[PDB]
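Down below is the structure, laid out as structure tokens.
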Amino acid sequence: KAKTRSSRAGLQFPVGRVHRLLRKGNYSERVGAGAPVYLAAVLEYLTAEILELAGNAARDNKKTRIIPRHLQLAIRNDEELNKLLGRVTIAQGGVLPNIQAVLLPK
Amino acid sequence: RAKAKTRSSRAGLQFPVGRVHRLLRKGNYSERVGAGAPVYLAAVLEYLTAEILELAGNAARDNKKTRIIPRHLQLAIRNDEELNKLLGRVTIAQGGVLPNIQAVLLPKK
Amino acid sequence: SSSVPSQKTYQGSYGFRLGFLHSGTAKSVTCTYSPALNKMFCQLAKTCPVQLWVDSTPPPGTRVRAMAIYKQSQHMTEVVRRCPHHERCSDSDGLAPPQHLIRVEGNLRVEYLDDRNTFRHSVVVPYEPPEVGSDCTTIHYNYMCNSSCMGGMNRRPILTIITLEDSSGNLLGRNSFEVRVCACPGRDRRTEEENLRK
Amino acid sequence: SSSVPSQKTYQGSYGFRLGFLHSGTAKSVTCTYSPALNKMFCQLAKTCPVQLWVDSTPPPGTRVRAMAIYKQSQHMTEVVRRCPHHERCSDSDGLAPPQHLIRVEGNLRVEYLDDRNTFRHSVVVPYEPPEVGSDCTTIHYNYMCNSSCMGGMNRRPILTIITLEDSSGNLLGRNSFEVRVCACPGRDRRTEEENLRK
Amino acid sequence: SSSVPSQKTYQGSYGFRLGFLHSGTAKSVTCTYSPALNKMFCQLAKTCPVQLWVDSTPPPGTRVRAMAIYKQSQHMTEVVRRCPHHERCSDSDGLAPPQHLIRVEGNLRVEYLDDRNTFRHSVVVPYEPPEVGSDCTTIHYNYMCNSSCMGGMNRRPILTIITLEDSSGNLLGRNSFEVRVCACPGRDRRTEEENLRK
Amino acid sequence: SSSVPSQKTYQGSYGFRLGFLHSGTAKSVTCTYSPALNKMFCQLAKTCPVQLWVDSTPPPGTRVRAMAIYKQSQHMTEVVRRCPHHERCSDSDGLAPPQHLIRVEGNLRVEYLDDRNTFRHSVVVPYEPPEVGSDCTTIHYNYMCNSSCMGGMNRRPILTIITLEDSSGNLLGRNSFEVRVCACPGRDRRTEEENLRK
Amino acid sequence: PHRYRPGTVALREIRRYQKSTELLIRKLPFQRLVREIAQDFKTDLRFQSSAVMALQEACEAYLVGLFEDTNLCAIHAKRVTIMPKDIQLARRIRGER
Amino acid sequence: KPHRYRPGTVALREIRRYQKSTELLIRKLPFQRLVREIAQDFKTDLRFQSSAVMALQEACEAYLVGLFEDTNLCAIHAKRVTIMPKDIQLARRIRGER
Amino acid sequence: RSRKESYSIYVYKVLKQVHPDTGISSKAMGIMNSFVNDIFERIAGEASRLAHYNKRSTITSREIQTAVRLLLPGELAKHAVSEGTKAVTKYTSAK
Amino acid sequence: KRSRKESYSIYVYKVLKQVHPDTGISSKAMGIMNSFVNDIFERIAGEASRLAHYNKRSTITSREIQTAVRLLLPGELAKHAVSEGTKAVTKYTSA
Amino acid sequence: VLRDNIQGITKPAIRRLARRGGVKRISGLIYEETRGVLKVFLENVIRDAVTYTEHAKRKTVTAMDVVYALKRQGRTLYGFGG
Amino acid sequence: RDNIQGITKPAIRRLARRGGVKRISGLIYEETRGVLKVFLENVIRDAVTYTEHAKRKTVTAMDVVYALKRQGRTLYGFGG
DNA sequence: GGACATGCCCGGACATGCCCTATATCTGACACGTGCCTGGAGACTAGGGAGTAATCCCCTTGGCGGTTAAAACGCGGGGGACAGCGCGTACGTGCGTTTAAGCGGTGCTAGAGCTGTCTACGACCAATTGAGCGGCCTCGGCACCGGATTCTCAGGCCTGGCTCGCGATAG
DNA sequence: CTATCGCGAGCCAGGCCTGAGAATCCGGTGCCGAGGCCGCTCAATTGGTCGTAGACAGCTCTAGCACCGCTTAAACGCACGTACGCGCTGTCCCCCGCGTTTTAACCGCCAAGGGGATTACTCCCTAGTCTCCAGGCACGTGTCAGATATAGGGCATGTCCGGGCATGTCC
């Protein structure tokens, strides 16, 4: 029987795949055993946060399936995610429904 | 044994082919590096150095200075459209800025 | 009037008879006929169907005339006409003179006569034979005052006399029925029928 | 009419009031007055005594005028007049025009006016101080249609307005009462009085 | 109108009969026919299929005409037309005059007639023998007012008279059916069928 | 219309207010007002009394104008007018144009305006103070279509705007109320009042 | 007849197109422009469908963002109408001009 | 009366003077105290190399000069001359720092 | 039969962990894959540069942690470091 | 005697003497030149590595370097650098 | 050879782009500047894309080439490959 | 503490002059101070992070050079 | 006068409008299963990179003093920010026209992509040595300074020209 | 007495000259950092070997291009009205510029210590290889969800009429 490092760690992203991608990315001649575990774990965390917010936005929109619009809403409405993705354009995301106050009628 | 002569001399360049080759090998860019890559890289680096130093010298003589100072380097970089584009996001220490006044700020008769 | 129109039933050569619908005695039925009384009970201006039955078809040019007379002998010489109020009100259908009690509805060829000699009013239409696949011809009359109209019929009963005539006015046949024009034909019909037993 | 006559009670300088007889309410009574309703109930063409009371005697040339108007506000502008039937019947007393609702009986000096500007009818007589030994002057009115006459008052209540006026027609005093002209004054008076409790 | 079109069934030489679809009596039913009543119940401006059946094929040039008349005898002389509202609304299909009650849909060779003598409206198309697969030719009519339209049919029942005619409008056959144009054909059909037992 | 008349309540210098009778909600009461809804419910062509109250008497020459507009904002620019059927029917009182929804009854001095600039209909009469005893002036309006008339109000609610104007037509005061013209005012009033709790 | 006030329909269109996600530049003219510019860089180029869609998504995002910044600069100057000088200021401050 | 230049002449003179030269314009020691103060809010008892503070100071002055250039361009765009906080906020918003 | 590289099954498991009632479209899946690959490249590159600058030839957890602290915002960095440390400690104990 | 610290100072001076025989260089300016050359080095080497990775290439050649130079350098600068590199590489290969 | 395709970027398209950007009113003079800006963007992006294509010994610009070009210009685009 | 006042009004004026502005509102100075402070928070954060990763207790010039480079503005003249 | 005679009004209730919702069917786009194969997991090996400890020195921190240039503060004023107003013109909105964008089907061939082979080419390793860096010394860039010379721009004063007012002469 | 013309005086504008600040130039000393030279050392060079990777050939088969046709929605041209950009004007306030006071920044000089860089020893941690196996990724079969339209189902609200009241009539 073979049991994987992700299974021993209780995580969802594959330790082996992240490890291989680090080994083949021409980044360093050696890679420690804990580095791909840490990296994979951070990726789960960030994915869970983004999917959490996108799901919330979908439910607010009475949608059961997340669409790119919901991803854009999630990234732009969250202050820290928008900072992290400040220079990132999501396709079919649109923009936030933001109107300047001076442009509203009197 | 044949007399030792460097690849930079064989290529007619001043930058060290051996050192650039070593830095490419040890920069964790790839496991394998060709012989011509460091020659090409040295040639581009030498060319850019010669043009920047040429312009900085011109500025220095325009200022009646014989020694290149950071101010002359900044002037040379900003006075060249292509160098200014290449170094658009670079700040030169002790370089100052280009003298420039918007027309609306000048006095009127 | 100088005269009184005959009211004698005369079926004549063509076997001329009248028929009426079987409408019941609902308090305010628009038009209901009483076989017991030979009397039509109807509302003012409402449709009153009268069927013309013949054994054989009268010649083309045959006309059907209707005329009212007072039923009581002492009133017989008085011309039946509309009261002053209804005469003046604006209800003419564009065809009937305002003072005529009896109108025919739905017939462009209707003529209204004011007899120069007798002073009687009457309304006449061409007789139209029933479709060869039919039994009778229906004429639709309207009565334009209530029997009770003061200054008019003033609660005196009338007869309607229906005459079958040739082109010239020659008597081919005659029938008649009593008429009460009233607000509640069914109520009034049942009352008069009950009173027959009294 | 272009206008509506004022109905405001105004006793004026001469203390002008109306009085009425104490007739009871036998259904057949010809004329009976209800103090509870300030309403006269009377039969068509029958004598209706109205008493004029004053605290002091108005000058010679003073006249007394009677005019009817509809009591309900939406009918107020409609001139009160006889129905087409009674207008046409042959009951004029030789003095009153056929279309006037209100007549005065037993006065050769009666005048009937058809106002050129308002189109209102009225009847006017000279005021006469009471006969010596009397405290009031009685005028006898006749009403020449029933309140129910179709094409006339048509079941609408009316007021009679009695005005005391000077020789130019200027107002000296005014009083009024409601009138129902009907077949059974006593019956109808008791009915309306009973309905006051309802 | 000066006249009334005959409504007598006449199968004629070609054995002309009408047929109708078997639509039930539900809600959302746009056209349903009652064999018990010989009456079509349909919605305004909805497709009403009428089948033409013949025992033998009429000559080329044969036409099929549809005309409405009021069913009740007293209304028979009144031309059936659209009410003032629908007459004015903007629903003409480019072919039918605005005042015609009855249209044929899906036929470029449709003609609309306004008879100069009778004043009757009618709609006529060329007769075409049945298509391969069918023993009948189907014509699709639209009725452009509800039976209840005020100022129009005003709740009076009509008959549609379907005539098979020649080029010179001579009669080859005739059939007819009653029509109610209404919002709920299934509801109304079941109601009238139930009332047959009453 | 190019514009929309203001509906803002404005009692103005004369303390102009409206009042209404206390009619209950019997199924078919002719005209009944709902304080809860500020809405009049009335039958077509029936008398609708509206009381004008003022704290002090406006000058001679003052006029009272009535105009209808649609209550729903998207319909506000559409001129309120009679439906094609009632426009064509023969019910004009000799004074009102056939297309005007709102009439005044019983006033010879009524004027009907068709505004050349706004295209709005209105009906105006001279203001008349009450007699010094009385406390208000009553105007009697008639509404000449049902709210439901197709091609007319087509089931859209309207407001009646009553304005007090000087002799030049300048604004002195304004009030308004909603109107439903319908067959059963009492039924419909109770239904809408009940729905207030829903 | 009826006429909307200046500004209401503009705002309605803004809300409409900011709520949805469909592309606003026509496919065929964008492709034609891209191909035209390309002839002067390299001859007889072929372009993948997803490549043209990529250029169009990038272009529309860039222009929308630039118009956002332009609008902010115009409103800053107590104006509403965008001017060429507004575009030039936005691009200069962004650092590409 | 003593001599006095009209508003602006002396402003332009200092502009020319400080744009011709490259010597630092912000005081070394107060900036140094600020940097150490701000730093203890991340890590206490932190030390700084001299060339590290000089690097931070060079970076700060270059950053401020560029920001003031952009602010001036935005002010001139609005047919104004005097810069105000909303100008700074617009410049930083358009740069993508806000 | 050209094998490719995507995190589809792992993204779907995490989604089912956080929301076991929501799906995802192809365009949205492409956006998630682009996002994860971009983050990966950014973090791995910063860690590589960190290691080179410090004369380190091995990729260990301390450079990864520092790179995460540099790249992630405040609360995101703190939560990521906490989850990474707990997970690495549990794995190390589990061996 | 400290540790071996590499720099381009002597090479910058040789190029300067080629282009400006009678011009000197200050220490601050030489430091700026070293920063510049190292920055360009990092940019070109990194872009070339990424280019090679994207194309599943395991060997660093002259084509990726030249293409990276063309991406990073402006038009006429790129043409002159490419010309110099090709002549230099062909001359070296002749040896 | 395609010629004068710049006129295919219509006035209403630029207006729609401005609407999505929050612009309420657009001067008639806006369009040529916007067209120029768009053109500039294209000449830079396409230059990088084609450079990558030529290095890869290809004659067809791929989606990955464009995405990579955008990334190296700081305008990284999601949805066409990583 | 109070040390933010050590970047005095004439210092902000001088920096603004090198930025080419002719007139400076009184409300400018606090705004400039805030902007400068935020910049410092971000730079010093990155610098100290680098210093701690190296297991050092003193922030070096090279730490600052890396912080500035990663912030998106490369500084020449202090090594690297 | 009581008992009917006879019309009118309207609440009951049906006729028959219209929307209102719910269920079923059809169309479109998407979760999960399967087989395989190749990339990940367990195990063993070497070796070298990293952890740790001692050392040294340099370079960072802290303190004292002066002194002077810069920062802080006061105050006058002028010019620039800003609010208000008028206008005219350029842009928003709507409508009829036309134009081409979009969609669906179909072809074919160019070219992306995969596989096989092999040879050129780059990693690796040992010996050499000469290029490059650290340290020391010196002289010239050149600034740093200060003081006289040169000088352009601004302000003030004087002169000339034009306009207005007053007086005189002529009609 | 009034009007017109001429002369004189006053005011405004333009030009020229003088003053004054700022810059240029000249010399001087001096200083300290850049350039050069020399020792050394370690990193590049050269020569040889070996694995491997990518260059080229060749085959497949995907998708990009080209075209045709139909539709319809978007673009376009124009008419028109009006809101906003822009120019102008007035006001007042608040920032500049300069004089005076203060303070702290800087330069120099010295002391200490602590931590950063260096070297040496060790050990354990990860690449490399092998063997195996299971997870992940093309291919695929149907199914599930959403929208739309048809069946119940409510209200939405007019017309007719039986009942019951109103009101005339008379032996």
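Here, A, B, ... name the chains of the structure tokens in the order displayed, residue numbers run from 1 inside each chain, and ligands are numbered from 1 in the same displayed order.
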Check which residues of chain M sit at most 10 Å from chain F using only C-alpha atoms (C1' of nucleotides), and return one row each with the closest pair of atoms and their distance in Å to one decimal, ordered by chain and rising number, as CSV.
residue,atom,partner,partner_atom,distance
M:10,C1',F:28,CA,7.0
M:11,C1',F:27,CA,6.6
M:12,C1',F:27,CA,9.6
M:17,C1',F:148,CA,9.9
In chain G, DSSP helix (DSSP H, G or I) residues written as a ChimeraX atom specification
/G:8-19,27-39,49-76,84-94
Provide as a ChimeraX atom specification the residues of chain I at most 12 Å from chain M, counting only C-alpha atoms (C1' of nucleotides).
/I:1-5,9,12,22-26,55-60
Set the distance at 6 Å and use only C-alpha atoms (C1' of nucleotides): which residues neighbour segment 73-84 of chain G once local chain neighbours fewer than 2 positions away are removed? I'd like the list as a PDB file with N, CA and C atoms, in the first residue's frame.
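Everything below was put into out-v1.pdb:
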ATOM      1  N   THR G  70      -9.662  58.501 -16.426  1.00  0.00           N
ATOM      2  CA  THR G  70     -10.033  59.743 -17.095  1.00  0.00           C
ATOM      3  C   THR G  70     -11.251  60.392 -16.448  1.00  0.00           C
ATOM      4  N   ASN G  71     -12.280  59.601 -16.147  1.00  0.00           N
ATOM      5  CA  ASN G  71     -13.455  60.146 -15.484  1.00  0.00           C
ATOM      6  C   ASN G  71     -13.100  60.712 -14.116  1.00  0.00           C
ATOM      7  N   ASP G  86      -7.718  65.212 -20.797  1.00  0.00           N
ATOM      8  CA  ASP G  86      -7.952  64.284 -19.696  1.00  0.00           C
ATOM      9  C   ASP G  86      -7.276  62.945 -19.970  1.00  0.00           C
ATOM     10  N   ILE G  87      -7.451  62.416 -21.184  1.00  0.00           N
ATOM     11  CA  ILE G  87      -6.790  61.170 -21.564  1.00  0.00           C
ATOM     12  C   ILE G  87      -5.280  61.324 -21.440  1.00  0.00           C
TER      13      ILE G  87
ATOM     14  N   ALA H  78      -5.973  71.354 -14.176  1.00  0.00           N
ATOM     15  CA  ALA H  78      -7.175  72.010 -13.677  1.00  0.00           C
ATOM     16  C   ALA H  78      -7.074  73.531 -13.705  1.00  0.00           C
TER      17      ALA H  78
ATOM     18  N   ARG K  25     -20.448  61.635 -20.234  1.00  0.00           N
ATOM     19  CA  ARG K  25     -20.517  62.461 -21.429  1.00  0.00           C
ATOM     20  C   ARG K  25     -19.161  62.433 -22.117  1.00  0.00           C
ATOM     21  N   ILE K  26     -19.172  62.358 -23.447  1.00  0.00           N
ATOM     22  CA  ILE K  26     -17.963  62.157 -24.238  1.00  0.00           C
ATOM     23  C   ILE K  26     -17.906  63.205 -25.336  1.00  0.00           C
ATOM     24  N   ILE K  30     -12.753  63.145 -28.503  1.00  0.00           N
ATOM     25  CA  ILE K  30     -12.193  62.024 -27.740  1.00  0.00           C
ATOM     26  C   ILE K  30     -11.709  60.889 -28.642  1.00  0.00           C
TER      27      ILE K  30
END
Within 10 Å of chain D, which residues belong to chain N? Use only C-alpha atoms (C1' of nucleotides) and report them as an NGL selection string.
:N and (166-169)
If you run DSSP on the backbone, which residues of chain H are strand (DSSP E or B), as a ChimeraX atom specification?
/H:47-48,82-83
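Compared by their closest atoms to chain H, and using only C-alpha atoms (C1' of nucleotides), the residues N:40, N:20, N:110, N:123 rank with N:20 nearest.
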Interface residues on chain N facing chain A, 12 Å, only C-alpha atoms (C1' of nucleotides), written as a list in words
residues 125, 126, 127, 128, 132, 133, 134, 135, 136, 145 and 146 of chain N
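Near chain N, the residues of chain B that fall inside 10 Å (using only C-alpha atoms (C1' of nucleotides)) are residues 1, 2, 3, 4, 5, 6, 7, 16, 17, 18, 19, 21, 22 and 67 of chain B.
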Can you write out the residues you just picked, keeping N, CA and C atoms, as a compact mmCIF listing (two decimals), in the first residue's frame?
# COMPACT_ATOMS: atom_id res chain seq x y z
N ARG B 1 52.10 23.34 -24.00
CA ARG B 1 50.79 23.95 -23.79
C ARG B 1 50.69 25.29 -24.52
N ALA B 2 49.55 25.51 -25.17
CA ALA B 2 49.33 26.74 -25.91
C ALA B 2 49.21 27.93 -24.96
N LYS B 3 49.59 29.10 -25.46
CA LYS B 3 49.50 30.32 -24.67
C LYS B 3 48.05 30.63 -24.33
N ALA B 4 47.80 31.00 -23.08
CA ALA B 4 46.44 31.26 -22.62
C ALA B 4 45.97 32.63 -23.09
N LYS B 5 44.82 32.66 -23.77
CA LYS B 5 44.17 33.89 -24.19
C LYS B 5 42.68 33.78 -23.90
N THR B 6 42.09 34.88 -23.46
CA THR B 6 40.72 34.85 -22.96
C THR B 6 39.70 34.97 -24.09
N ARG B 7 38.48 34.50 -23.82
CA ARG B 7 37.41 34.55 -24.80
C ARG B 7 37.00 35.99 -25.10
N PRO B 16 34.18 40.52 -19.17
CA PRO B 16 34.78 39.19 -19.02
C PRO B 16 33.81 38.09 -19.41
N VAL B 17 34.12 37.39 -20.50
CA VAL B 17 33.27 36.28 -20.94
C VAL B 17 33.23 35.20 -19.88
N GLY B 18 34.39 34.85 -19.31
CA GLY B 18 34.41 33.83 -18.27
C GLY B 18 33.53 34.16 -17.08
N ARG B 19 33.63 35.39 -16.57
CA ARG B 19 32.82 35.77 -15.41
C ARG B 19 31.33 35.77 -15.72
N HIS B 21 29.84 34.02 -17.97
CA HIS B 21 29.49 32.61 -18.10
C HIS B 21 29.30 31.97 -16.74
N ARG B 22 30.21 32.24 -15.80
CA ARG B 22 30.10 31.67 -14.46
C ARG B 22 28.84 32.17 -13.77
N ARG B 67 35.32 64.74 -15.11
CA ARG B 67 35.00 63.54 -14.36
C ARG B 67 33.49 63.31 -14.37
Compile the residues of chain J that lie within 12 Å of chain A, evaluated using only C-alpha atoms, and express the compilation as a list in words.
residues 46, 49, 50, 52, 53, 54, 56, 57, 58 and 59 of chain J
Same residues, C-alpha atoms, output as a JSON list (two decimals), in the first residue's frame:
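So result-v7.json came out as:
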[["chain", "number", "residue", "atom", "x", "y", "z"],
["J", 46, "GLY", "CA", 15.84, 36.00, -16.19],
["J", 49, "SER", "CA", 15.55, 31.53, -18.65],
["J", 50, "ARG", "CA", 11.79, 32.07, -18.73],
["J", 52, "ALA", "CA", 13.66, 28.73, -22.57],
["J", 53, "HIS", "CA", 11.37, 27.21, -19.92],
["J", 54, "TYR", "CA", 8.22, 28.23, -21.82],
["J", 56, "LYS", "CA", 10.55, 23.17, -23.02],
["J", 57, "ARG", "CA", 14.21, 23.98, -23.72],
["J", 58, "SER", "CA", 16.88, 22.69, -21.35],
["J", 59, "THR", "CA", 19.89, 24.47, -22.90]]
Enumerate, in order of chain and increasing residue number, the residues of chain M with an atom no farther than 9 Å from chain A, each with its shortest atom pair and distance in Å to one decimal, counting only C-alpha atoms (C1' of nucleotides), as a Markdown table.
| residue | atom | partner | partner_atom | distance |
| --- | --- | --- | --- | --- |
| M:39 | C1' | A:17 | CA | 8.5 |
| M:40 | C1' | A:16 | CA | 5.8 |
| M:41 | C1' | A:2 | CA | 6.3 |
| M:42 | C1' | A:2 | CA | 7.9 |
Please identify all polymer residues within 10 Å of segment 30-33 of chain I, counting only C-alpha atoms (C1' of nucleotides), omitting same-chain residues fewer than 2 positions from it, and present them as a ChimeraX atom specification.
/A:47,50-51,67-68,71,90-93 /I:5-8,11,24-28,35-39 /K:77-82
Restricting it to C-alpha atoms, dump the selection as a PDB file, in the first residue's frame.
ATOM      1  CA  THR A  47      -8.253  28.889  -2.688  1.00  0.00           C
ATOM      2  CA  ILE A  50     -11.476  32.997  -2.684  1.00  0.00           C
ATOM      3  CA  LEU A  51     -14.063  30.219  -3.146  1.00  0.00           C
ATOM      4  CA  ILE A  67     -19.202  32.593 -12.531  1.00  0.00           C
ATOM      5  CA  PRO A  68     -16.282  34.924 -13.418  1.00  0.00           C
ATOM      6  CA  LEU A  71     -14.880  35.967  -8.820  1.00  0.00           C
ATOM      7  CA  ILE A  90      -9.845  38.668 -14.577  1.00  0.00           C
ATOM      8  CA  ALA A  91     -11.487  38.010 -17.937  1.00  0.00           C
ATOM      9  CA  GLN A  92     -15.294  38.316 -18.087  1.00  0.00           C
ATOM     10  CA  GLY A  93     -15.075  39.883 -14.633  1.00  0.00           C
TER      11      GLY A  93
ATOM     12  CA  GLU I   5      -1.449  19.594 -15.945  1.00  0.00           C
ATOM     13  CA  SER I   6      -4.322  21.102 -13.933  1.00  0.00           C
ATOM     14  CA  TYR I   7      -5.441  21.231 -10.292  1.00  0.00           C
ATOM     15  CA  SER I   8      -9.084  20.566 -11.204  1.00  0.00           C
ATOM     16  CA  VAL I  11      -9.865  22.690  -6.481  1.00  0.00           C
ATOM     17  CA  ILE I  24     -18.015  25.910 -11.413  1.00  0.00           C
ATOM     18  CA  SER I  25     -18.022  26.712 -15.136  1.00  0.00           C
ATOM     19  CA  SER I  26     -15.221  26.068 -17.626  1.00  0.00           C
ATOM     20  CA  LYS I  27     -14.314  29.761 -17.891  1.00  0.00           C
ATOM     21  CA  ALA I  28     -14.323  30.020 -14.094  1.00  0.00           C
ATOM     22  CA  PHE I  35      -4.809  32.348 -10.592  1.00  0.00           C
ATOM     23  CA  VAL I  36      -3.229  29.377  -8.806  1.00  0.00           C
ATOM     24  CA  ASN I  37      -0.433  29.064 -11.384  1.00  0.00           C
ATOM     25  CA  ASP I  38       0.272  32.807 -11.167  1.00  0.00           C
ATOM     26  CA  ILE I  39       0.443  32.733  -7.343  1.00  0.00           C
TER      27      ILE I  39
ATOM     28  CA  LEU K  77      -4.570  38.443 -18.198  1.00  0.00           C
ATOM     29  CA  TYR K  78      -6.397  35.477 -16.663  1.00  0.00           C
ATOM     30  CA  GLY K  79      -8.434  32.968 -18.656  1.00  0.00           C
ATOM     31  CA  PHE K  80      -6.295  31.843 -21.625  1.00  0.00           C
ATOM     32  CA  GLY K  81      -3.617  29.807 -19.864  1.00  0.00           C
ATOM     33  CA  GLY K  82      -1.056  30.205 -17.106  1.00  0.00           C
TER      34      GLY K  82
END
